[PDB]
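Single-structure report; data block below.
Sequential numbering from 1 along the given sequence is applied to the chain's residues.
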Amino acid sequence: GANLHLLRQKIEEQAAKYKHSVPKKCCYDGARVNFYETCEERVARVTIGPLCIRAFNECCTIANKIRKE
């Protein structure tokens, strides 16, 4: 199915753009598969902080786009 190799390396590239651990983890969390909600739906649930929200949304978007194709 989806290129999971590419998936992991693209997410790691994105998490590396963040300075601190928590936004990195928000990235990895956003990148996890969710069959029932879009990335906007999912990130709308998160209120930890602006940088966490941004990383979550960015990595979700990256992950789902890779899955889509």
Side-chain angles (χ1 to χ4, degrees):
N3 196 336
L4 303 186
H5 242 97
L6 180 73
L7 182 46
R8 298 190 201 96
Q9 68 187 73
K10 294 312 288 190
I11 295 306
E12 288 177 14
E13 283 183 5
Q14 195 61 20
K17 291 188 176 106
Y18 293 97
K19 183 181 181 180
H20 287 306
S21 288
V22 169
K24 290 172 184 295
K25 292 178 176 173
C26 297
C27 162
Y28 292 121
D29 288 357
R32 287 175 230 283
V33 71
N34 186 330
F35 299 109
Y36 305 112
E37 292 193 341
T38 69
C39 289
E40 175 134 83
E41 276 181 281
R42 295 172 65 184
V43 83
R45 301 172 165 275
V46 178
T47 58
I48 282 121
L51 282 186
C52 172
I53 289 169
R54 207 170 76 204
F56 185 103
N57 199 35
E58 278 178 353
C59 290
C60 182
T61 299
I62 291 171
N64 279 359
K65 178 174 291 187
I66 290 180
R67 293 183 185 108
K68 169 96 74 170
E69 51 197 34

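- The CD1 atom of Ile66 sits 12.5 Å away from atom NE2 of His5, with the distance rounded to the nearest 0.5 Å.
- When the salt bridge (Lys or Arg N to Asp or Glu O under 4.0 Å) test is applied to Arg32, the partners found at least two apart in sequence or on another chain are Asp29.
- Take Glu41 and apply the side-chain contact (heavy atoms from CB on, under 4.5 Å) test, not counting sequence neighbours, and it matches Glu37, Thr38.
- Here the straight-line distance linking atom NZ of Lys24 with atom CD of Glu12 works out to 10.5 Å at 0.5 Å rounding.
- Residues satisfying the salt bridge (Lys or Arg N to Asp or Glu O under 4.0 Å) criterion with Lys10, sequence neighbours excluded, are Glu13.
- Contacts of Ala63 classified as side-chain contact (heavy atoms from CB on, under 4.5 Å), with partners at least two apart in sequence or in another chain: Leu7, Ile11, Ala31, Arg67.
- Among residue pairs with one or both ends in residues 48-58, those qualifying as side chain to side chain donor-acceptor pair (under 3.5 Å) are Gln14-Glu58, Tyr18-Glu58; sequence neighbours excluded.
- Clustering of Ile, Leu, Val, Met, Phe, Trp and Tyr by side-chain heavy atoms under 4.5 Å joins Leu51 with none of the others.
- In the hydrophobic clustering of this structure, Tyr28 groups with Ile62; members are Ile, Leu, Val, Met, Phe, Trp, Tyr whose side-chain heavy atoms approach within less than 4.5 Å, directly or through other members.
- A distance below 2.5 Å between sulfur gamma atoms is met by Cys26 and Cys52.
- Rounded to the nearest 0.5 Å, atoms CD (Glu69) and CG (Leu6) are 8.0 Å apart.
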